[PDB]
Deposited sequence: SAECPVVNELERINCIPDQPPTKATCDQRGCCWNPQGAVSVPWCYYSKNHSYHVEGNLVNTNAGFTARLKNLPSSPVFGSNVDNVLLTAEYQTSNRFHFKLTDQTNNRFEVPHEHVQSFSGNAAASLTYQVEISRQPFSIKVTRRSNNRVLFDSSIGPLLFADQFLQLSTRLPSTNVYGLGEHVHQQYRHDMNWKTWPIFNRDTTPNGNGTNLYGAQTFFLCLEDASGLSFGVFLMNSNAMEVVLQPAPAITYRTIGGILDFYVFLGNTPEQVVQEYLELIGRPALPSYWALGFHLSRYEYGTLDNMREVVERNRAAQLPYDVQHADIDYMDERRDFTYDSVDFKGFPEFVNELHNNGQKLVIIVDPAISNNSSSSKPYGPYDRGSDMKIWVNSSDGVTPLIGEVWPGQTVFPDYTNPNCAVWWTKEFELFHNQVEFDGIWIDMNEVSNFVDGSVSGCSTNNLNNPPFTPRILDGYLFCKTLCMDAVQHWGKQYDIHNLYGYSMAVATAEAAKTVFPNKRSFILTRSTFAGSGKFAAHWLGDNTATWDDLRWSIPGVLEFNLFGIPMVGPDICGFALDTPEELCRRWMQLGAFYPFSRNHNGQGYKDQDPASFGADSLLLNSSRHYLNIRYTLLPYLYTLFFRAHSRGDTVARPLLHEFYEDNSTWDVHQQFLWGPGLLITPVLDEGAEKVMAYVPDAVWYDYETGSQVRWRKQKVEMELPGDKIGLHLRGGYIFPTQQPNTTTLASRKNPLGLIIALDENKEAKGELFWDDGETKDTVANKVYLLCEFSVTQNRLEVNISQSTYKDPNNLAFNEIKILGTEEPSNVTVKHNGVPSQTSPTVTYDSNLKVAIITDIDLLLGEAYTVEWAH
């Protein structure tokens, strides 16, 4: 056994020969650092008993345990393998207990399979009998993708483990963590996964969400595949240089999906096809959001709002944190500190702005005849709380308002209750969206106000290396009881269930509107319902750098609307950091400056009406807003097809191995390259320029760099922004709100490729109605340039914007001087103004009016 291929048989303690011998494993203390001294023997685990049986979907096999040591308790003697050839690109297999029903994730989107095996499979499945192994190969090149034969199958009631070899070290995914880099360190590394209230820092702990998806780029051809484990129990993922990955979980079942694609993007599309594509957001959510913990008073909030508005900051959304509430209790506001809250809501609305309020799951149990608290009374009446293990008594914990009960969002009735609470509150404060927080669920006491009983749920035979090392730390007892089951099994599903229930509530509170939901805790599929922010970061240069892979990873998980707290939540933010963070932050798909309690102000206009920071912030935010039709179309593609929004360079340039570990730059979709300065004191960035024609966004000039590392000069007022030749970018003159901005003239940026051609698209709908895509009430158009000719084609034309929108400017990059510019509408002509910069090779066509929704040909000569 090559030492990189050793599968650690002692994950639970310092390795000894005595434990090694008791477990029947192999002992060799002479490897390098982290090489397991004790590893599994070559035969051990399960064997296929009898023949595989063909089914309509695929096949089943009976696996029988080869007796061995009972290390982590009650082992499963007869295992059923059920394999389903679900589509040409998606293989599904599950290992279950043959004679006992086990917990299986009650996912809202994913349905059980009742089909016939798909035809024309891009993969082949090979089963070995003695001992059991499952292998999934790519048919085209027989590349082994999944191969369990590197280690055993382990299947005890509270310890399940399967490993797979990997075809490369190009592995991206898993969460929620601060991985610091984007390409996984396949050196010996364990990542624990269990939804936990913890700090995203340099420690690499489990965080707020649970994301088992990873994608592997096989080689420079782009061939890629992905793996998803459908399991909501505590677990860890062990990575090793074989290269190999081991999933180690403490309940449920091993329910695996293997996705094949021809590109990394297609793998993400295959994954999101299964778990659920992200919601199309409200167009205003794409705007800049402003927030802080503890304005303290409405007057303080109003003062921040008005200095930023006075600064002409693009600024769509104001968030109200727990200081709006009466003593930190849901569905109230402070009648003294926040007196006039409803009038302030009207002010926001009249300014073209939106209010997002924070809401917490945990509900104060402090209610009496003399001082009723409605949310609690109404919730008790309905019996929708999480119960202690007796199954009848609501579990009592402690969060912001003191002692609290916790809604059971897995109960359908709880969503009815939750909806009515929002209905009643909306009648008082007309908020536009909801920020759901602390929904892991988080508890200021461990378990409950009286702790948790010592038992196998609260104290299991094996605990993954989760922060603190106890499941119940800062959350509910594992034996707590809910509709979908015991907390042990469904803990990782609380934030997901809460997002589902909050979207249900939006059906009533915001009829036929998308609204906006921001969630802390997530599970696979939460993007269908909500955006995410990366939690309680810190105002440091490390945190600025770590933001990028975290953003890219959530785009793989199908939560493309993701970003950090710009400028850093904890700590006073240095001006230079916040300036660079705001430059970068204008390009996070979710863009919010948020600040923790008590720290110095970090809202852009607090640095000075004339400061370099405010000026730069406004500049790059005006650029973000200009490119909102482009961003919005990318979200339309993420919603309808499953594309990423913030995208790794390698997803576009996978043929180029120099892009495989790039995590300090990213793309918006296929065509905009963002290069932030990420280092203190720096006015330069060491950057990678991919294999394409690139144009400086502001000047339009073609860079001379192609396929190489560069020192990009980026003074304190700049971030690198380049447009990819070959792409057409729809724009819209910006305003301080998207309400206003959406009524402005549009533009096209045509960045020509080496062949003087370019292509693009634009999606347009009302920007807020739910179902516009499903119901085909939208405009979709395509732009193509092939020497001397721009064509605007209309493929879907069932929405006409009432604001007479039209492209009134076309900027062509990398062009020779255009002459005789003709504009035809269905072949019918019809002279635009043409301005030309011979040094830069930029033409701008103005005095033109291409109505959104109409087909045109713009023609020119040279």
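Coordinate coverage of the deposited sequence is interrupted at 1-6, 837-838, where no C-alpha atom was modelled.
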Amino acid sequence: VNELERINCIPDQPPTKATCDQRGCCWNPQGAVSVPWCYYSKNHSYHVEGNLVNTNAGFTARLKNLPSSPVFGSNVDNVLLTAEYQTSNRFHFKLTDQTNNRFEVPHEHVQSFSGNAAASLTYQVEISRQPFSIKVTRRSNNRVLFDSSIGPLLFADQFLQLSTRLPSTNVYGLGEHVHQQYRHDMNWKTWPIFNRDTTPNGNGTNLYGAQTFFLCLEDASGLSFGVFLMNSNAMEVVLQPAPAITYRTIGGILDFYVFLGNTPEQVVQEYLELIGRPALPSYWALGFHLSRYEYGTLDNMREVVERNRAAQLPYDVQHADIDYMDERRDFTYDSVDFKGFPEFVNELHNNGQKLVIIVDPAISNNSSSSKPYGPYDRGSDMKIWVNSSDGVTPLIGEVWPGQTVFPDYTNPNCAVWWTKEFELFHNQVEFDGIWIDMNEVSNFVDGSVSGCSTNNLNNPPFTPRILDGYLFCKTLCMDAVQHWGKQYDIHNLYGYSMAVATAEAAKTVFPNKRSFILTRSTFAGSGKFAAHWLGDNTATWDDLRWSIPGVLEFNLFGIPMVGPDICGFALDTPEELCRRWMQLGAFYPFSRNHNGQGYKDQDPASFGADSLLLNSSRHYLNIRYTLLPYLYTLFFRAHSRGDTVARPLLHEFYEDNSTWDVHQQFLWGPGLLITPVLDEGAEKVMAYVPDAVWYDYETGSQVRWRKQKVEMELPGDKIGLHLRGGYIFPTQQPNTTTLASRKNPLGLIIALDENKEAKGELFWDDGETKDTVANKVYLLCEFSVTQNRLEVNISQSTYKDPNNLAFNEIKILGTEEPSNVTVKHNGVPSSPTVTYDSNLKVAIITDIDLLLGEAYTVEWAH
From here on, numbers count along this sequence of modelled residues.
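Here, rigid core means the biggest group of C-alpha atoms that superpose within 1.5 Å across both forms.
Remark: when the other structures in 8 other deposited structures of this protein are fitted onto this one via the rigid core, 179-187 deviates more than the alternative among 179-187 and 230-238, judged by RMS CA distance. Per the PDB record, of the two stretches 561-569 and 773-781, 773-781 carries the greater mean B-factor over its C-alpha atoms. Two stretches are in play, 685-693 and 617-625, and the higher mean C-alpha B-factor belongs to 685-693.
If you compare the C-alpha temperature factors of 211, 537, 411, 269 in the entry, 411 comes out highest. Ranking 595, 547, 158, 787 by Cα temperature factor from the entry places 787 first.
Per-chain ranking of the deposited C-alpha B factor places residue 759 in the lowest third.
In this PDB entry, residue 4 carries a Cα temperature factor that places it within the middle third of its chain's modelled residues. Per-chain ranking of the deposited C-alpha B factor places residue 553 in the lowest third. Among the modelled residues of its chain, residue 175 has a C-alpha B-factor that falls in the lowest third according to the deposited record. In the deposited entry, the Cα temperature factor of residue 589 places it in the lowest third of its chain's modelled residues.
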